[PDB]
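Student: This is the content of protein.txt (compact mmCIF, C-alpha atoms and all ligand atoms):
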```txt
# COMPACT_ATOMS: atom_id res chain seq x y z
CA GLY M 1 -29.85 26.44 9.74
CA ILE M 2 -32.57 23.85 10.34
CA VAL M 3 -34.02 24.23 6.81
CA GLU M 4 -30.64 23.77 5.19
CA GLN M 5 -29.91 20.84 7.47
CA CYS M 6 -33.28 19.06 7.47
CA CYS M 7 -35.13 19.91 4.24
CA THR M 8 -32.75 18.58 1.62
CA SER M 9 -31.60 15.63 3.67
CA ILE M 10 -33.64 14.01 6.35
CA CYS M 11 -32.97 14.62 10.08
CA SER M 12 -33.04 12.03 12.82
CA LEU M 13 -34.63 12.72 16.17
CA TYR M 14 -31.09 13.42 17.58
CA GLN M 15 -30.48 15.96 14.79
CA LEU M 16 -33.83 17.60 15.49
CA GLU M 17 -32.93 17.73 19.16
CA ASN M 18 -30.08 20.07 18.24
CA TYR M 19 -32.68 22.83 17.87
CA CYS M 20 -34.14 22.33 21.32
CA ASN M 21 -33.23 24.82 23.98
CA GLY C 1 -46.27 32.11 28.94
CA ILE C 2 -47.94 31.78 25.53
CA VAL C 3 -49.84 28.65 26.55
CA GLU C 4 -51.45 30.22 29.57
CA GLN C 5 -52.05 33.43 27.60
CA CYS C 6 -53.53 31.82 24.50
CA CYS C 7 -55.03 28.42 25.25
CA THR C 8 -58.34 29.51 26.73
CA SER C 9 -59.06 32.88 25.12
CA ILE C 10 -58.01 33.17 21.47
CA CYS C 11 -54.94 35.28 20.80
CA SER C 12 -55.07 37.61 17.81
CA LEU C 13 -52.34 37.44 15.17
CA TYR C 14 -51.00 40.70 16.64
CA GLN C 15 -50.75 39.12 20.09
CA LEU C 16 -48.97 36.11 18.61
CA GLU C 17 -46.51 38.48 16.85
CA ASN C 18 -45.28 39.46 20.31
CA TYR C 19 -43.60 36.05 20.46
CA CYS C 20 -41.62 36.45 17.24
CA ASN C 21 -37.89 37.03 17.13
CA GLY J 1 -73.64 25.34 12.02
CA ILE J 2 -70.78 23.01 11.28
CA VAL J 3 -69.41 23.95 14.69
CA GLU J 4 -72.72 23.14 16.44
CA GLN J 5 -73.01 19.91 14.48
CA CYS J 6 -69.46 18.62 14.56
CA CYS J 7 -67.52 20.06 17.53
CA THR J 8 -69.78 18.42 20.12
CA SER J 9 -70.17 14.90 18.67
CA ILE J 10 -67.98 13.42 15.94
CA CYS J 11 -69.03 13.98 12.36
CA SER J 12 -68.14 11.31 9.88
CA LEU J 13 -66.50 12.14 6.61
CA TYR J 14 -69.86 11.27 5.01
CA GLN J 15 -71.59 13.95 7.09
CA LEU J 16 -68.88 16.44 6.36
CA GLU J 17 -69.47 16.03 2.59
CA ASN J 18 -72.63 18.02 3.25
CA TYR J 19 -70.40 21.11 3.54
CA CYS J 20 -68.69 20.65 0.18
CA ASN J 21 -69.56 22.79 -2.82
CA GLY D 1 -55.57 30.54 -8.89
CA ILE D 2 -54.41 30.32 -5.31
CA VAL D 3 -52.44 27.25 -6.36
CA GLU D 4 -50.77 29.10 -9.27
CA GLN D 5 -50.09 32.08 -7.03
CA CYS D 6 -48.98 30.42 -3.82
CA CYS D 7 -47.63 26.89 -4.47
CA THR D 8 -44.73 28.13 -6.61
CA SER D 9 -43.48 31.10 -4.54
CA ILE D 10 -44.41 31.77 -0.92
CA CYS D 11 -47.49 33.84 -0.27
CA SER D 12 -47.51 35.95 2.83
CA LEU D 13 -50.40 35.93 5.21
CA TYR D 14 -51.19 39.42 3.89
CA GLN D 15 -51.51 38.05 0.35
CA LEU D 16 -53.58 35.15 1.54
CA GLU D 17 -56.14 37.57 3.08
CA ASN D 18 -57.14 38.21 -0.52
CA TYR D 19 -58.87 34.81 -0.46
CA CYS D 20 -60.97 35.52 2.62
CA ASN D 21 -64.68 36.28 2.39
CA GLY Q 1 -55.75 1.74 24.20
CA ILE Q 2 -53.72 4.77 23.12
CA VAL Q 3 -56.66 7.18 23.54
CA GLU Q 4 -57.39 5.96 27.03
CA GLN Q 5 -53.70 6.07 27.88
CA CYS Q 6 -52.69 9.36 26.21
CA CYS Q 7 -55.74 11.63 25.97
CA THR Q 8 -56.68 12.03 29.61
CA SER Q 9 -53.14 12.00 30.88
CA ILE Q 10 -50.17 13.03 28.86
CA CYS Q 11 -47.77 10.47 27.29
CA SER Q 12 -44.00 10.72 27.17
CA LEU Q 13 -42.06 9.80 24.07
CA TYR Q 14 -41.30 6.37 25.69
CA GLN Q 15 -45.03 5.81 26.28
CA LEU Q 16 -45.78 6.78 22.68
CA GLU Q 17 -43.10 4.37 21.54
CA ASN Q 18 -45.19 1.55 22.99
CA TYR Q 19 -47.45 1.87 19.94
CA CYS Q 20 -44.63 1.51 17.45
CA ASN Q 21 -44.27 -1.78 15.68
CA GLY A 1 -46.12 0.38 0.20
CA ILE A 2 -48.51 3.29 0.74
CA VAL A 3 -45.76 5.89 0.32
CA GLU A 4 -44.65 4.64 -3.05
CA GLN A 5 -48.29 4.12 -4.08
CA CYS A 6 -49.59 7.49 -2.94
CA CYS A 7 -46.84 10.09 -2.81
CA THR A 8 -46.64 10.98 -6.49
CA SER A 9 -50.13 10.28 -7.85
CA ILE A 10 -52.97 11.13 -5.47
CA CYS A 11 -54.73 8.19 -3.87
CA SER A 12 -58.50 8.34 -3.64
CA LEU A 13 -60.22 7.86 -0.28
CA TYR A 14 -61.23 4.39 -1.52
CA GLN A 15 -57.60 3.51 -2.23
CA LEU A 16 -56.60 4.75 1.22
CA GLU A 17 -59.36 2.58 2.77
CA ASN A 18 -57.38 -0.44 1.57
CA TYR A 19 -54.91 0.33 4.36
CA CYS A 20 -57.47 0.29 7.17
CA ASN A 21 -57.74 -2.47 9.72
CA UNK H 1 -52.10 18.96 30.34
CA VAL H 2 -53.30 17.10 27.19
CA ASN H 3 -55.47 20.06 26.20
CA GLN H 4 -52.50 22.35 26.75
CA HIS H 5 -50.35 20.09 24.63
CA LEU H 6 -52.89 20.11 21.79
CA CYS H 7 -53.26 23.86 21.98
CA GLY H 8 -49.46 24.36 21.93
CA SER H 9 -49.19 22.35 18.73
CA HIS H 10 -51.52 24.75 17.04
CA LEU H 11 -49.81 27.79 18.63
CA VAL H 12 -46.39 26.84 17.25
CA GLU H 13 -47.89 26.38 13.77
CA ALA H 14 -49.46 29.79 14.09
CA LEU H 15 -46.18 31.29 15.23
CA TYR H 16 -44.42 29.65 12.31
CA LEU H 17 -46.82 31.38 9.94
CA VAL H 18 -47.06 34.78 11.70
CA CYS H 19 -43.33 35.13 12.43
CA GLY H 20 -42.15 34.06 8.99
CA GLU H 21 -38.44 34.53 8.25
CA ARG H 22 -37.78 36.02 11.67
CA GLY H 23 -38.59 32.72 13.40
CA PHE H 24 -39.43 32.38 17.08
CA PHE H 25 -38.41 30.82 20.42
CA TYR H 26 -41.02 28.49 21.92
CA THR H 27 -40.22 28.36 25.62
CA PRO H 28 -42.96 26.67 27.69
CA UNK N 1 -63.11 30.35 22.14
CA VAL N 2 -59.91 28.25 21.75
CA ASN N 3 -61.89 24.99 21.70
CA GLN N 4 -63.88 26.10 18.65
CA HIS N 5 -60.74 27.41 17.02
CA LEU N 6 -58.97 24.06 17.44
CA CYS N 7 -62.05 22.09 16.30
CA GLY N 8 -62.38 24.29 13.21
CA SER N 9 -58.78 23.74 12.24
CA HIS N 10 -59.42 20.00 12.06
CA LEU N 11 -62.74 20.46 10.37
CA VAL N 12 -61.15 22.47 7.52
CA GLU N 13 -58.55 19.77 7.06
CA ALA N 14 -61.26 17.12 6.88
CA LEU N 15 -63.26 19.18 4.41
CA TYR N 16 -60.20 19.71 2.26
CA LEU N 17 -59.68 15.96 2.15
CA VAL N 18 -63.28 14.88 1.54
CA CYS N 19 -64.38 17.70 -0.76
CA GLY N 20 -61.64 17.04 -3.30
CA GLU N 21 -61.79 19.16 -6.46
CA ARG N 22 -65.32 20.42 -5.44
CA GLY N 23 -63.81 22.53 -2.64
CA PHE N 24 -65.69 23.98 0.30
CA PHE N 25 -66.77 27.10 2.21
CA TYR N 26 -65.85 27.49 5.86
CA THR N 27 -68.12 30.22 7.14
CA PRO N 28 -68.43 28.83 10.66
CA UNK B 1 -50.85 15.85 -8.24
CA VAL B 2 -49.58 15.10 -4.69
CA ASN B 3 -47.54 18.32 -4.60
CA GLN B 4 -50.65 20.45 -5.16
CA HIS B 5 -52.57 18.37 -2.67
CA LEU B 6 -49.93 18.92 0.04
CA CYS B 7 -49.62 22.65 -0.78
CA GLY B 8 -53.40 23.06 -0.60
CA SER B 9 -53.57 21.44 2.80
CA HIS B 10 -51.25 24.10 4.17
CA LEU B 11 -52.97 26.85 2.29
CA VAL B 12 -56.36 25.97 3.88
CA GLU B 13 -54.76 26.01 7.30
CA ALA B 14 -53.26 29.43 6.63
CA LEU B 15 -56.58 30.74 5.34
CA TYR B 16 -58.37 29.41 8.38
CA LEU B 17 -55.92 31.28 10.59
CA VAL B 18 -55.84 34.58 8.71
CA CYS B 19 -59.48 34.78 7.67
CA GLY B 20 -60.79 34.53 11.22
CA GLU B 21 -64.56 34.90 11.61
CA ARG B 22 -64.83 36.05 7.91
CA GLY B 23 -64.08 32.51 6.70
CA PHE B 24 -62.95 31.54 3.22
CA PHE B 25 -63.68 29.57 0.05
CA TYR B 26 -61.18 27.00 -1.19
CA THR B 27 -62.17 26.34 -4.78
CA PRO B 28 -58.64 25.69 -6.02
CA UNK X 1 -39.36 28.71 -1.69
CA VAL X 2 -42.61 26.81 -1.13
CA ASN X 3 -41.03 23.35 -0.63
CA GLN X 4 -38.92 24.86 2.20
CA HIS X 5 -41.94 26.56 3.63
CA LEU X 6 -43.91 23.28 3.75
CA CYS X 7 -40.89 21.51 5.19
CA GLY X 8 -40.54 24.14 7.90
CA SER X 9 -44.16 23.65 8.94
CA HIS X 10 -43.45 20.00 9.68
CA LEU X 11 -40.11 20.81 11.29
CA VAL X 12 -41.86 23.10 13.82
CA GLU X 13 -44.22 20.33 14.76
CA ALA X 14 -41.42 17.84 15.15
CA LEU X 15 -39.47 20.26 17.39
CA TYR X 16 -42.56 20.84 19.44
CA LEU X 17 -42.83 17.12 20.12
CA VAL X 18 -39.17 16.28 20.45
CA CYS X 19 -38.17 19.16 22.65
CA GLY X 20 -40.98 18.84 25.15
CA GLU X 21 -40.61 21.15 28.13
CA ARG X 22 -37.29 22.45 26.85
CA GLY X 23 -38.94 24.20 23.95
CA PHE X 24 -37.00 25.20 20.88
CA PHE X 25 -35.50 27.81 18.71
CA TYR X 26 -36.90 28.10 15.18
CA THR X 27 -34.67 30.16 12.98
CA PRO X 28 -35.33 30.08 9.30
CA UNK P 1 -66.24 12.17 21.50
CA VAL P 2 -64.73 15.17 19.71
CA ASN P 3 -61.96 15.88 22.29
CA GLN P 4 -60.76 12.26 21.79
CA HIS P 5 -60.99 12.62 18.06
CA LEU P 6 -58.81 15.77 18.09
CA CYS P 7 -56.40 14.10 20.48
CA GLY P 8 -56.13 11.08 18.22
CA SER P 9 -55.22 13.28 15.26
CA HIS P 10 -52.19 14.56 17.17
CA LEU P 11 -51.37 11.11 18.50
CA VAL P 12 -51.11 9.76 14.91
CA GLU P 13 -48.68 12.49 14.02
CA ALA P 14 -46.58 11.87 17.09
CA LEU P 15 -46.44 8.12 16.33
CA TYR P 16 -45.46 8.88 12.79
CA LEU P 17 -42.49 10.88 14.02
CA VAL P 18 -41.49 8.77 16.98
CA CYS P 19 -41.73 5.40 15.32
CA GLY P 20 -39.80 6.28 12.19
CA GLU P 21 -39.12 3.30 9.96
CA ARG P 22 -40.76 0.94 12.42
CA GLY P 23 -44.17 2.40 11.75
CA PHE P 24 -47.01 1.97 14.17
CA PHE P 25 -50.29 0.49 15.09
CA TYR P 26 -53.18 2.92 15.59
CA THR P 27 -56.08 1.29 17.32
CA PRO P 28 -58.79 3.52 18.62
CA UNK R 1 -36.60 11.19 1.41
CA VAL R 2 -37.75 14.54 2.89
CA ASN R 3 -40.57 14.76 0.35
CA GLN R 4 -41.55 11.20 1.22
CA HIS R 5 -41.50 12.06 4.89
CA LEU R 6 -43.75 15.08 4.35
CA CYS R 7 -46.14 13.09 2.22
CA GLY R 8 -46.31 10.28 4.82
CA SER R 9 -47.33 12.77 7.49
CA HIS R 10 -50.31 13.74 5.43
CA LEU R 11 -51.07 10.10 4.51
CA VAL R 12 -51.29 9.01 8.16
CA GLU R 13 -53.64 11.91 8.91
CA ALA R 14 -55.76 10.85 5.99
CA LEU R 15 -55.75 7.26 7.17
CA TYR R 16 -56.73 8.41 10.65
CA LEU R 17 -59.77 10.13 9.17
CA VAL R 18 -60.74 7.50 6.55
CA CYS R 19 -60.25 4.47 8.81
CA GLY R 20 -62.03 5.92 11.82
CA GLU R 21 -62.70 3.53 14.71
CA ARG R 22 -61.12 0.61 12.87
CA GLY R 23 -57.68 2.23 13.00
CA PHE R 24 -54.76 1.25 10.80
CA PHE R 25 -51.18 -0.10 10.70
CA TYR R 26 -48.65 2.27 9.15
CA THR R 27 -45.77 0.07 8.04
CA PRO R 28 -43.25 1.90 5.82
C1 LIG K 1 -39.30 15.46 11.00
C2 LIG K 1 -38.77 16.15 9.82
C3 LIG K 1 -39.56 17.04 9.13
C4 LIG K 1 -39.09 17.73 8.05
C5 LIG K 1 -37.78 17.50 7.65
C6 LIG K 1 -36.98 16.61 8.35
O1 LIG K 1 -35.71 16.39 7.92
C7 LIG K 1 -37.44 15.94 9.44
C1 LIG K 2 -54.12 30.66 16.28
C2 LIG K 2 -54.23 30.15 17.69
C3 LIG K 2 -54.06 28.80 17.96
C4 LIG K 2 -54.20 28.30 19.26
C5 LIG K 2 -54.53 29.18 20.32
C6 LIG K 2 -54.74 30.52 19.98
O1 LIG K 2 -55.06 31.43 20.95
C7 LIG K 2 -54.62 31.02 18.69
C1 LIG K 3 -62.99 15.21 11.14
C2 LIG K 3 -63.58 16.05 12.24
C3 LIG K 3 -62.89 17.13 12.82
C4 LIG K 3 -63.38 17.87 13.86
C5 LIG K 3 -64.66 17.54 14.33
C6 LIG K 3 -65.34 16.46 13.77
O1 LIG K 3 -66.58 16.08 14.20
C7 LIG K 3 -64.84 15.71 12.73
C1 LIG K 4 -48.91 29.67 4.21
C2 LIG K 4 -48.69 29.06 2.86
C3 LIG K 4 -48.94 27.71 2.59
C4 LIG K 4 -48.69 27.12 1.38
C5 LIG K 4 -48.18 27.94 0.36
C6 LIG K 4 -47.91 29.28 0.63
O1 LIG K 4 -47.41 30.12 -0.31
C7 LIG K 4 -48.15 29.87 1.85
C1 LIG K 5 -47.97 13.78 21.76
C2 LIG K 5 -49.28 13.58 22.39
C3 LIG K 5 -50.43 13.93 21.71
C4 LIG K 5 -51.67 13.72 22.24
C5 LIG K 5 -51.74 13.17 23.52
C6 LIG K 5 -50.59 12.82 24.20
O1 LIG K 5 -50.69 12.30 25.45
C7 LIG K 5 -49.35 13.00 23.66
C1 LIG K 6 -54.95 12.43 1.07
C2 LIG K 6 -53.57 12.13 0.57
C3 LIG K 6 -52.46 12.68 1.20
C4 LIG K 6 -51.17 12.44 0.71
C5 LIG K 6 -50.99 11.66 -0.45
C6 LIG K 6 -52.15 11.18 -1.08
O1 LIG K 6 -52.05 10.41 -2.21
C7 LIG K 6 -53.43 11.42 -0.61
CL CL K 7 -46.11 19.08 3.06
CL CL K 8 -56.63 19.98 18.77
NA NA K 9 -29.89 23.34 21.13
NA NA K 10 -45.23 -1.82 20.22
ZN ZN K 11 -47.29 19.21 4.76
ZN ZN K 12 -55.51 19.89 17.02
```
Have the structure of the file written as structure tokens, please.
Ligand SMILES: Cc1cccc(O)c1
Ligand SMILES: Cc1cccc(O)c1
Ligand SMILES: Cc1cccc(O)c1
Ligand SMILES: Cc1cccc(O)c1
Ligand SMILES: Cc1cccc(O)c1
Ligand SMILES: Cc1cccc(O)c1
Ligand SMILES: [Cl-]
Ligand SMILES: [Cl-]
Ligand code: NA
Ligand code: NA
Ligand SMILES: [Zn+2]
Ligand SMILES: [Zn+2]
Tutor:
Amino acid sequence: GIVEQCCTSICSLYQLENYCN
Amino acid sequence: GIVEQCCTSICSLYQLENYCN
Amino acid sequence: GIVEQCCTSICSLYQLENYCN
Amino acid sequence: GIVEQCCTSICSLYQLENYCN
Amino acid sequence: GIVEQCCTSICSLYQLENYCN
Amino acid sequence: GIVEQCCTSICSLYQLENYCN
Amino acid sequence: XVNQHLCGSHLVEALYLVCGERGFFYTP
Amino acid sequence: XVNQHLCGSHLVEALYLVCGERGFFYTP
Amino acid sequence: XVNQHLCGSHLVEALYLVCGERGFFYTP
Amino acid sequence: XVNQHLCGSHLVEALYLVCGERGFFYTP
Amino acid sequence: XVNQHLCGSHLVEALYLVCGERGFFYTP
Amino acid sequence: XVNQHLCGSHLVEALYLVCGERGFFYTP
């Protein structure tokens, strides 16, 4: 999930965009 | 939507809960 | 009130110190 | 303290109501 | 400035990017 | 920079002022 | 639209807190 | 009022920052 | 401590939201 | 875990901004 | 003006995110 | 890096408030 993906290692805007609808 | 529902008159926590998964 | 004072013209940080303990 | 209680394991909103007036 | 540009009318990400170094 | 200066030990408001224009 | 945008920012923070582990869809 | 709610949110943040270890009351 | 500072910031927000018109004290 | 909770609060805000009119799915 | 002040607070956060390692220039 | 990112978010909000009309450069 987003916490696993983005809270230990940093997420780019593209990676954040994954969670958009 | 939530914006039109909640951005003029304050929505209670209970009303906001309606938008949870 | 802090709302009357500070939501209708900008309160500085200095002014806001008035509301500290 | 609220820091001791809530910065080291997550406090629910219900728990946090304890700190209201 | 950014307030004039982005606080009366809404700014896209591209428009926000203008203010990046 | 500010991050290395201020993200472990808290920077006072005066120290933060050093980064203003 | 700016006011709506500002309000939404606060709404999604509220939803984050109210919804907890269940999460939420934000669909404007 | 949503405007007061949004203003208050920012006020509490500001108070938290300026008041430091002293702390504050928000009792609108 | 920056960790406590950051935690507190979020706590005050949460208190502001849950406490409503009652308000709150943050007196760490 | 509190670090994850604080992280999630920022993540929600970032999604809000990034996703724009598409909105987003927050699943913790 | 308070509406501008609240707007600016969100603008700073948006710049923070959008600009990444480039950083930004906030001039009000 | 995530902790630094979270901290920076709060730093730029603090700078917004402390620096006021003068503004600031955030240059990481
Ligand atoms: C923007 C952001 C916030 C929190 C964690 C991340 O990886 C990215
Ligand atoms: C908590 C919250 C934030 C923004 C709008 C609302 O109606 C309620
Ligand atoms: C810092 C701050 C927030 C909200 C209103 C104000 O006048 C000042
Ligand atoms: C809502 C919140 C913020 C910070 C710590 C907590 O346990 C809970
Ligand atoms: C992202 C954002 C915040 C505030 C105003 C804007 O136009 C855009
Ligand atoms: C006010 C503030 C926020 C984040 C880090 C700091 O050192 C100080
Ligand atoms: Cl944080
Ligand atoms: Cl706002
Ligand atoms: Na997606
Ligand atoms: Na630029
Ligand atoms: Zn934070
Ligand atoms: Zn706001």
Student: Of the candidates X:7, X:2, X:17, X:12, which shows the shortest atom-to-atom distance to chain M, using all atoms listed in the file?
Tutor: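 Distance minimum relative to chain M lands on X:7.
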Student: Given 3 Å on each side, where is the centre and what are the edge lengths in Å to one decimal of the axis-aligned box enclosing the listed atoms of region 8-25 of chain B, as lines of an AutoDock Vina configuration file?
Tutor:
```
center_x = -58.0
center_y = 28.7
center_z = 5.5
size_x = 19.6
size_y = 20.6
size_z = 18.2
```
Student: All residues within 6 Å of ligand ZN 11 (chain K) are required, counting only C-alpha atoms and all ligand atoms; please report them as a PyMOL selection string.
Tutor: (chain B and resi 6) or (chain X and resi 6) or (chain R and resi 6)
Student: Mind pulling up the distance from atom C5 of ligand LIG 5 (chain K) to CA of residue 6 (chain Q)?
Tutor: 4.8 Å
Student: Please list as a short mmCIF file (atom, residue, chain, number, x, y, z; two decimals) with C-alpha atoms, in the frame of the given file every residue within 12 Å of residue 27 (chain R), counting only C-alpha atoms and excluding residues in the same chain fewer than 6 positions away.
Tutor:
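Below is the file that was written, out_31.cif:
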```cif
data_model
loop_
_atom_site.label_atom_id
_atom_site.label_comp_id
_atom_site.auth_asym_id
_atom_site.auth_seq_id
_atom_site.Cartn_x
_atom_site.Cartn_y
_atom_site.Cartn_z
CA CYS Q 20 -44.63 1.51 17.45
CA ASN Q 21 -44.27 -1.78 15.68
CA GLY A 1 -46.12 0.38 0.20
CA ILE A 2 -48.51 3.29 0.74
CA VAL A 3 -45.76 5.89 0.32
CA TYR A 19 -54.91 0.33 4.36
CA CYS A 20 -57.47 0.29 7.17
CA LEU P 15 -46.44 8.12 16.33
CA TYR P 16 -45.46 8.88 12.79
CA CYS P 19 -41.73 5.40 15.32
CA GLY P 20 -39.80 6.28 12.19
CA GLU P 21 -39.12 3.30 9.96
CA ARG P 22 -40.76 0.94 12.42
CA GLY P 23 -44.17 2.40 11.75
CA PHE P 24 -47.01 1.97 14.17
CA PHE P 25 -50.29 0.49 15.09
CA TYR P 26 -53.18 2.92 15.59
CA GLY R 8 -46.31 10.28 4.82
CA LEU R 11 -51.07 10.10 4.51
CA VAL R 12 -51.29 9.01 8.16
#
```
